[PDB]
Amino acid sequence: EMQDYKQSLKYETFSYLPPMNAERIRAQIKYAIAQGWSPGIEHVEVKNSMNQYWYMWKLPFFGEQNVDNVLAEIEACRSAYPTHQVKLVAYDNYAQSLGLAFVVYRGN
């Protein structure tokens, strides 16, 4: 009855849960905005996932209150870079940190 643990690459926060659908992604964007954090989108080649510096997609979405626009930009970033990993972050200016960061598409 013991089950063997199957090893695979992971992608930091939320990567131990099933990948997020639109509804789950929207809920995270809404959270970040409610905390006063600025959403941002980044992408990178799969092999370079551990890079500290991923490519920025456009600029962070400062003052952005519209969850659907952020999700649309995630999808647009995917379309522009269909083989890349795509990450959502949320900048916290007071902490000089990220309140949230997770990989939306794990790459291919």
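Position 1 is the first residue in the sequence shown; the rest follow in order.
Visitor: Taking the recorded C-alpha temperature factors, which stretch has the higher mean, 63-71 or 44-52?
Guide: Going by the record's values, the stretch with the higher mean is 63-71.
Visitor: Sorting the chain's modelled residues by C-alpha B-factor, tell me whether residue 91 ends up in the lowest, middle or highest third.
Guide: As the PDB entry reports it, the C-alpha B-factor of residue 91 lands in the lowest third of its chain.
Visitor: What third of its chain's C-alpha B-factors does residue 20 belong to: lowest, middle or highest?
Guide: For residue 20, the deposited C-alpha B-factor lands in the highest third.
Visitor: Split the chain's modelled residues into thirds by Cα B-factor; is residue 9 in the lowest, middle or highest one?
Guide: Residue 9: CA B-factor falls in the middle third of its chain.
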